[PDB]
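Participant: Provided herewith is a single structure, encoded as structure tokens, for subsequent inquiry.
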Amino acid sequence: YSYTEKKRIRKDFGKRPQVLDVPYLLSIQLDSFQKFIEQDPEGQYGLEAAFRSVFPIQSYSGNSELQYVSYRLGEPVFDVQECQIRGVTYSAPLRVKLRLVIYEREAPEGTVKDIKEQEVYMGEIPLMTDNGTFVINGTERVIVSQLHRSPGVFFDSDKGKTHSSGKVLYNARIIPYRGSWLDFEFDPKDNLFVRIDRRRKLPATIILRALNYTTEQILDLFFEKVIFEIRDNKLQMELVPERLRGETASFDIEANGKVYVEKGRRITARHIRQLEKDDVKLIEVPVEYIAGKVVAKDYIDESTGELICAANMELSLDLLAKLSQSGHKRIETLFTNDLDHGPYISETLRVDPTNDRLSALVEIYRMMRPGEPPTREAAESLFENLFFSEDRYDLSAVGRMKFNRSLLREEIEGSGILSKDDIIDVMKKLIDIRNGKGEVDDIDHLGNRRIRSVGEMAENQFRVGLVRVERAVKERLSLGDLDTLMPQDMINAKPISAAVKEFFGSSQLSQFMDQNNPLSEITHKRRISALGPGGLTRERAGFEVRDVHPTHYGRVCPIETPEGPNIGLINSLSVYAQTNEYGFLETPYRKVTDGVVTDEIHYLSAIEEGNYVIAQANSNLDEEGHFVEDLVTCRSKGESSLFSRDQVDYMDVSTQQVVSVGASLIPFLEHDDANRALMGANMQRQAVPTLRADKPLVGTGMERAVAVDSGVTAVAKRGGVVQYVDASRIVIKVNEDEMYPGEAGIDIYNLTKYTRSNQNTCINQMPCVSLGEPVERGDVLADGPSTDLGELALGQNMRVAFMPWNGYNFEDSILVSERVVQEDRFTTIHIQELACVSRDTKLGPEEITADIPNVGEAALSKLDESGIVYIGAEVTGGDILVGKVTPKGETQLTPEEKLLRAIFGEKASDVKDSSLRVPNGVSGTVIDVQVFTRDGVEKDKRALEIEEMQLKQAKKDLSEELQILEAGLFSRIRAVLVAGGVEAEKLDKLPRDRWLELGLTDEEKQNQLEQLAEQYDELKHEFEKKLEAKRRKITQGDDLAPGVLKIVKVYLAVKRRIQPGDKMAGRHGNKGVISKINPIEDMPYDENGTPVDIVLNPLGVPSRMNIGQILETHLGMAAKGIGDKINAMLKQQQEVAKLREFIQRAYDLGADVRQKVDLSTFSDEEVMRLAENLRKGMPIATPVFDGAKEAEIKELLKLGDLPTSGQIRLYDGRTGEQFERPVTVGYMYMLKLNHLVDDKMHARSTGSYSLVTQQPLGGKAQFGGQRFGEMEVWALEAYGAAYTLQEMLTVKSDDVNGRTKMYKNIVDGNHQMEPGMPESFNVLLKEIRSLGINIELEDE
Amino acid sequence: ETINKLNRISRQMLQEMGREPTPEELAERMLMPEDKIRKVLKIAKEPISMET
């Protein structure tokens, strides 16, 4: 077992033993970027390879070359945490050694001077956190792995809809990793066409001519030969018996004094066998048989010296008699069949406008760049630069591989550019497909689908940077002088900087990590997308690619995918899934040799898995693991059916290996329909953390692996005892077996405290260990938000009853008692970050000064001398968090205000109040205040206060570290001295610092003493720097935007319990909205008088089929039962015996479940604590498909003295009388979505408007009016409410006079409207009349 | 022209200075009051397309 597994244990039902445990869930994200940035000895993908691609860069013929030596990543400017505060990017400097060589003109190549410039900084690049996240501006962000069509050759069909004929079509497409696409396609006339990209269509052969192929050669490529012999007189023919197949005899087939075939007699296998064994190498044919046959090569008269017939031309009884008299004996003709071997290329030539290489190149250049005059150098350079350029083209490794593999080649690796043989082979294959041999692959198949990740894309971006800078290098090297410049003046910063900064900054893939929740983060980091650059779009792709493919098994989750605009264009990574070496997806399997199912794991990709017969995770094997039944359910090639006892090569690794980490957290999933299951696994990521993280009452067993593998918790790096435990920090003393010889050391984990998340929720760690407690290597030291003892708790369980309660639960709406809002269990904490901008206008600078025109003493009280709110001061909507004032000259009043100001003696201030007020309606406590001052502007009072405070706090925080670490080290030295030098009492007497001056007998112990000291001083000096830098980074003015003099960031912590209108659901996809909060008095109770927490609606259950939501209720009930029993025995303090007995009983449950429980545990100090944590309930694990069973749940119920029915009599808290029939009651885990009404509720009367078109628009976060759409208009039309409509689209919105002229009448008590004309139509009048169109309003 | 003159010295100090010369350390290299940087660097930048 383990350590923190002593504090609690989940009861694990199910039979199937885990053959392979769950790996690191964050695997992909980390591994990828781990490959991107790294020093790679070779051209394997990485910054190295990216460099080696475009480099070296030489001037155009100028013999001045710039090559690349090596690169390095300097230490980050700010650490992960500091950078999260300041708001900069967590990034490392890119320092690269470049070399500029100037070749002495007139080769041999040797250089006059090569200046090797030291590392030149181009840009900084983002870094990945241990949690697989990036921080762009003070915010954790994630780059979603992309899934797209892998580079290579692709043979499609496109039948049906095309041309309505039904003759179908066949198209091939060569798609590289970069560069133009090469398409080959047929048409109804069987003419082979080719196009680059999506461009103009061209007859296929025209590419071959550009490759230097004459007609003769093309015909030599795509057609066999039929040899004719004019021997004696009157032509004969060579014959291979297989040729005659698929045809009926055109004449008398006879030779060798024996007539094999007659006319009108089709040639079957019989005639073929006869002619075959008889060995007929020659047959005489009529002079008329060549009337249709097409000549292969050219032909000329030796005498006349004229062209008799061009290559690829139909022979006639005329031309034949023309070339036969010339002496020609042999004539070559294409071997053509309209069934077996199709004459497509021959007919392609007849559509070919071109003749030679040049003409082809011209017709191509006038295709790619149509309309501009074609040139030789142009048409050459283009065609060479398209598919043959090492620069502008590549398939990469995946591309070359899939290419050769789909061409049935041998070599899995080769060049990134096409070869003549490549293109020609692809054409040959397309032809073969049209001929009836060979199949067509499909895009949806996961074997044709690749998966990128952060690293690849980052590499692509940095690459684009390198090319856009390459142009600059070659540009400057044009006119450059000798030693005057260096590889600095050329290479800029921005080209790399903004290039990578763009990607991480704005991309549909790059996005703010969704952090409300551990499962949210972890399921965001494992996510795939067919969208973004390189992929398709929502409107682009249809349902096909969206749909779950059979290949998605063990790779993609069939359930958890977003439901909406993009469905199936995202999905999620399966639990055990891995990115293939090439970047396909591969899944764990169990190799079955002979008749035994072996526990040896194997990784098969989408293509690898294809022919193999795979058994099922749900199957029965006993002892040595032989399949019980002689017939076992298995899926083999694309399909699934019953297979013979031993026909199988493989079996499923686990029960959960089909689903995803999110879908694996749904208990009794096998009992839920896939729709509502999707809804559930989608909503579970929307769970907001709670104030008291509880625990799942009904589990799976992934709840540990999730919270653990995610960064929310803090795991121990090494095992040992805890020296110190604080809500702030945790200090572990490292065990000797683990700990390194030098420096000794004790692991110090600094815990994260209350701080803002990306979702404006609260993220706060808490210590789960006590002072001086033993820990295991890799154990949970401190939990996170919504995490309990290593297990993931996304919400809180509670007492649930199914019964209609006076309609208050009517729809999916939920009715909850007051016991829940009282205990503050469902309460959540929110952290809002508000900012105040001090800018500069031509009218004057803005002041943050506390001196504000027109404010009360109650407003001025909450602020200090500097105008900043005190830390810890609780505020509500309208309070002044930060004072601000902006200069406004010449108030420019009217006589009424002139008289008013004259009488009341009020000087109109030259300044307007710009202060940042608390958003209306929200109320919280100020936790933290930050001040960013422009470099060079004098720091204000509060600024200095904050600065010095941070200085002292940093001094204490670093000093404490130095102290703990040093005491720990000296202790280790003192430990070494007593071995070989021993004086125990006599040692610690003299000053500690003196201990260093001591020696010891000759031994390795004298060396360790050297080490301890050698490292001591390191930590001694490493203090200085760690202080100095830390000091300076507090002092330096943070860089700001143009015009902003300083910025005050205030952090507010609001606490919201729960109220009607909030949305909360279960993991089964049953939504709900709290309707009323009912008194405990009116709450239905049982015979024990215990009120029920929540009353749901039983009507929602049958229609939306999730029966799991009931099972979770039943089991949970029984589960809590086992809690109460223990809670009794603990309250009655029986003994360590009875408790052990009952606990052992509960951990067994009938027969045949893998458990492995106690009596190893210490009889008192251990067991008694386990029961102590179990008194709240008995946590139960129900694996996805391996989960619990009816009778098991019922038996556990019997163990809890609860009924089998799971239904207990209830009583109305009002009349007290019984409810007829029982009601299902129990415990259901309920989350709380972040959809709380406090955010959702909006309203407006008359707000600010828009400048362009006068329309309602929120300026102050005072929400602009609701949108009235065309349909919403049709409603009013149908009703026939005319004035409602008019005012709706005129006076309440678009009418610039109407709005105010209305408002006046509104206050005056007169309800009317003087509508006028909406500004939209007026604007349209001006817009139309701006053109040559005269549009007027007429009549009267 | 006077703007370009700043765009010049901005580059020499780019990677040489680590990140880049501070907003107030340019015009020292120029001959002028050193305040011009703010105003000039402000009014210069072309307006963003209202249709962005």
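We name chains A, B, ... following the order of the structure tokens; residues begin at 1 in each chain, and ligands are numbered from 1 as shown.
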Kindly provide the residues of chain B that approach chain A to within 8 Å, each paired with its closest atom pair and their distance in Å to one decimal, based on only C-alpha atoms, listed by chain and increasing number, as CSV.
Facilitator:
```
residue,atom,partner,partner_atom,distance
B:11,CA,A:492,CA,7.3
B:12,CA,A:489,CA,6.8
B:14,CA,A:493,CA,6.8
B:15,CA,A:121,CA,5.1
B:16,CA,A:121,CA,7.7
B:18,CA,A:121,CA,7.5
B:38,CA,A:1042,CA,7.8
B:42,CA,A:1042,CA,7.1
```
Participant: Select from chain B everything DSSP, run on the backbone, classes as helix (DSSP H, G or I), then give the selection as a CSV table (one decimal) with C-alpha atoms, in the first residue's frame.
Facilitator:
```
chain,number,residue,atom,x,y,z
B,2,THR,CA,13.6,62.9,-37.1
B,3,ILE,CA,11.5,59.8,-36.3
B,4,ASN,CA,13.6,57.5,-38.5
B,5,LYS,CA,16.7,58.8,-36.7
B,6,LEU,CA,15.3,57.3,-33.5
B,7,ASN,CA,14.3,54.1,-35.3
B,8,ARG,CA,18.1,53.8,-36.1
B,9,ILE,CA,19.8,53.9,-32.7
B,10,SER,CA,16.9,51.8,-31.4
B,11,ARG,CA,18.4,48.8,-33.3
B,12,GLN,CA,22.1,49.0,-32.3
B,36,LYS,CA,10.7,64.7,-27.8
B,37,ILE,CA,10.6,60.9,-27.6
B,38,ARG,CA,7.2,60.7,-25.9
B,39,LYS,CA,5.2,63.1,-28.2
B,40,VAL,CA,6.9,61.9,-31.4
B,41,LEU,CA,6.5,58.2,-30.6
B,42,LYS,CA,2.8,58.9,-29.8
B,43,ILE,CA,1.4,61.0,-32.6
B,44,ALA,CA,3.3,58.9,-35.1
```
Participant: Would you mind telling me which residue in A:560, A:649, A:985, A:1010 lies nearest to residue 523 in chain A when using only C-alpha atoms?
Facilitator: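 The closest residue to residue 523 in chain A is A:560.
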Participant: List as number ranges by chain the protein and nucleic acid residues near residue 360 in chain A, meaning an atom at most 7 Å away when only C-alpha atoms are counted, but skip any in the same chain fewer than 5 places from it.
Facilitator: A: 206, 209-210, 354
Participant: One number please: CA of residue 1243 in chain A to CA of residue 1263 in chain A, in Å, one decimal.
Facilitator: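 Calculated distance between CA of residue 1243 in chain A and CA of residue 1263 in chain A is 6.7 Å.
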Participant: For range 237-240 of chain A, find every residue with an atom within 6 Å (counting only C-alpha atoms), except residues of its own chain fewer than 4 positions away, and show them as a PyMOL selection string.
Facilitator: chain A and resi 227-229+281-283
Participant: May I ask for the distance between CA of residue 1288 in chain A and CA of residue 1308 in chain A, given in Å to one decimal place?
Facilitator: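 Atom-to-atom, CA of residue 1288 in chain A and CA of residue 1308 in chain A are spaced 20.4 Å apart.
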Participant: Going by DSSP on the backbone, which bits of range 915-1083 of chain A are strand (DSSP E or B)? Write them as number ranges by chain, please.
Facilitator: A: 916-917, 924-933, 1046-1056, 1063, 1073-1078
Participant: Could you pull the residues within 10 Å of range 48-57 of chain A, counting only C-alpha atoms, minus those fewer than 5 positions along the same chain, as a ChimeraX atom specification?
Facilitator: /A:36-43,64-71,98-100,390-391,459-464,466-467,470-471,473-474,477
Participant: CA of residue 713 in chain A to CA of residue 661 in chain A: how many Å, to one decimal?
Facilitator: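 Those two atoms sit 17.1 Å apart.
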Participant: Counting only C-alpha atoms, which of A:517, A:606, A:868, A:1132 gets nearest to residue 763 in chain A?
Facilitator: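 Once distances to residue 763 in chain A are computed over only C-alpha atoms, the minimum belongs to A:517.
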